[PDB]
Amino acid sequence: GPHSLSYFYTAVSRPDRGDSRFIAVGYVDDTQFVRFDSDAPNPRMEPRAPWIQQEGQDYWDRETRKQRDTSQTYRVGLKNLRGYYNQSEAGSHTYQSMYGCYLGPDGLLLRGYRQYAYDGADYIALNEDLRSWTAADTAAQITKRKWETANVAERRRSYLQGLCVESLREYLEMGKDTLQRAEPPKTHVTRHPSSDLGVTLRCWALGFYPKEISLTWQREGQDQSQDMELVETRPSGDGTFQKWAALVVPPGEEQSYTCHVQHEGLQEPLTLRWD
């Protein structure tokens, strides 16, 4: 639907080694396609989906150069953050960034973002206008002033409106056989014993792509979400995803309950039940 290109950066201090480790990953929608790890010997941007391997050497060389530079900048940032917060070198800290573009229906930028966290807490963020920053505390206000002085916001807006969208369009065509195929869940309901006046029905959805799905239980069309167990959607290992929803029902009354599945890979919602 609204396709996206997103990158995720993690930098972590390692007191034991007196250095840090920078790891980046890139995704198109829910498919990881690149990684970088500064710990690798001769660290390079590396393919993680088969369709990105049709990029030539200019692409791998230039992406690698960007990450080596960025990885350096984040090592310095870790030191700076340590100072802002009056922290010693004894403990590990984490500096994260994420940015990306959401492609509208018209192939236009729907929403571009860029934000940062420190030790798991929101630190600073580019506002929706792509023109100004919101800083989370006193330390982040120093950063905000630095980045206003150097007009960083114009650099981010340029990227998110220009190369982010342009490259996403290329990836989507390059990998169209997978990134643009909606793979529908394989669904079924299982039955299991339980407790006093208790039998569990589990509605499975296996092998679907993309990750967004709706699984719910109903009795006579009345939603049972209050008493059901819904696990977080989880990766299959093969690029697809898995999820299930389970409910305890009275013994003998299995046929009163129906599991309802919505997924963009199905022409119409599914209704299924214990059989």
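Counting begins at 1, following the sequence as shown.
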Output the stretch having the higher mean C-alpha B factor in the entry; the candidates are 57 to 65 and 220 to 228. 220 to 228
If you average the CA temperature factors as listed in the entry, which stretch comes out higher, 194 to 202 or 169 to 177? 194 to 202
Candidate residues 132, 158, 187, 115, the one whose C-alpha B factor the record puts highest: 187
When the deposited Cα B-factors of this chain's modelled residues are ordered and cut into thirds, is residue 77 in the lowest, the middle or the highest one? middle
Chain third (lowest, middle, highest) by recorded CA B-factor, residue given as residue 109: highest
Split the chain's modelled residues into thirds by Cα B-factor; residue 154 lands in the middle
By the record's CA B-factor, is residue 248 among the lowest, middle or highest third of residues in the chain? highest
Sorting the chain's modelled residues by C-alpha B-factor, tell me whether residue 182 ends up in the lowest, middle or highest third. highest
